[PDB]
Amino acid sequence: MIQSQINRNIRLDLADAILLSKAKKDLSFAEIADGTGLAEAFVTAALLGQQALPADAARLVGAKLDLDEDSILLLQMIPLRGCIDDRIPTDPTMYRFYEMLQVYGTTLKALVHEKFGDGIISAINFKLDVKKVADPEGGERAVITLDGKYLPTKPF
């Protein structure tokens, strides 16, 4: 796939139409991803304009959501990524993950360098998943797993 986007608004406008059709059809993201062979977080991210779907998956989710052919094609383009409106989220749900960075950002840096060395944990060679577990004290918790490759920074 060699086609790519440069203006996020195209795929984000499409995401809005996907969300409307999904709401009208009472569909979950789990059901939309079911049968693609792709993880729900990857498929969901594509619907929301942040990943590219392979052709087969694009056609399958397109049927489910009743998308036109131009829309099924856009879903296959490599996106201009960046889902936050203006750098810092205003939405509370979305903001808590930013706050995690404000509280633990330097600790994540410190422990990455301690355990791995100079370099980065990838956001590209990277997977994430969201799991609901019972809280032994009452209620529920989310266990969100960020799984990224370590890439070293080495002299040259």
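The first residue of the shown sequence is 1; numbering continues from there.
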Would you determine, from the values in the PDB entry, which of 15 to 23 and 143 to 151 has the greater average C-alpha temperature factor?
-> 15 to 23
87 to 95 versus 47 to 55: which one carries the higher mean Cα B factor per the record?
-> 47 to 55
Which one, 65, 110, 120, 41, has the peak C-alpha temperature factor per the PDB entry?
-> 65
Deposited CA B-factor, highest of 103, 60, 128, 124 | 60
